[PDB]
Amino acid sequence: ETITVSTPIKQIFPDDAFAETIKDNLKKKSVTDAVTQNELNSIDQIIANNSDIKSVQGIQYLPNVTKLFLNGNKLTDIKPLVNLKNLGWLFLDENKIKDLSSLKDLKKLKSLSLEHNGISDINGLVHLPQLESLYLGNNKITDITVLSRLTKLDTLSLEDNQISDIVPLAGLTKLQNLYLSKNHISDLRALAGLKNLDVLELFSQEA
């Protein structure tokens, strides 16, 4: 929950790469430097793409992070994100995240990117009905039933997956930007009632 007294960054963040990320974020001299909960409370954004991070253990102590860039790492477990109540924008492309249950109570999350994670089962995304942007390109998804609950989506990429049935998108009236290239789609009837689309890409299907 909280760091009660000042503690070395090295001790809170066991992943050597993530400890260095925190050191640089707070402009500290060394991962041996001690930080207070007050200093950790000052972190609202972490930029740590392409950083060879295997674990974000310790991030639980950053209650005020709203923007988290973790594209291109070696993550499989996002349980340390479970109680980051203020997370708004989350980028996790090119990891290997399959268990999405830790996203369930991220109720301020507006944007989620999980491209190229090898995902097939997205049932757990049903618990994010407030999402506005969702990027799932380059995965192994077939069944998008649960996206019918995500009635606030305005941007959705499902390109380069295994989808043939897009009926669950029929009621997503707020969609503006929809990317469906490189799937198995022949029948777009269910999209006929979407009135607010600016972008709809359907290139290169394999029927």
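Position 1 is the first residue in the sequence shown; the rest follow in order.
As recorded in the PDB entry, 95-103 is the stretch of 95-103 and 120-128 with the greater mean C-alpha temperature factor. The stretch 82-90 shows the higher mean C-alpha B-factor when 129-137 is compared against 82-90 in the entry. Across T66, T36, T151, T155, the greatest Cα temperature factor reported in the deposited entry is at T36. Per the PDB entry, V31 shows the highest C-alpha temperature factor of the residues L175, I166, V31, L180. Sort the chain's modelled residues by C-alpha temperature factor and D187 lands in the middle third, per the entry. Per the PDB record, residue ranking by Cα B-factor puts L26 in the highest third of the chain. In this PDB entry, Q57 carries a Cα temperature factor that places it within the highest third of its chain's modelled residues. Among the modelled residues of its chain, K110 has a C-alpha B-factor that falls in the lowest third according to the deposited record.
When the CA B factors of the chain's modelled residues are split into thirds, the value for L200 lands in the lowest one.
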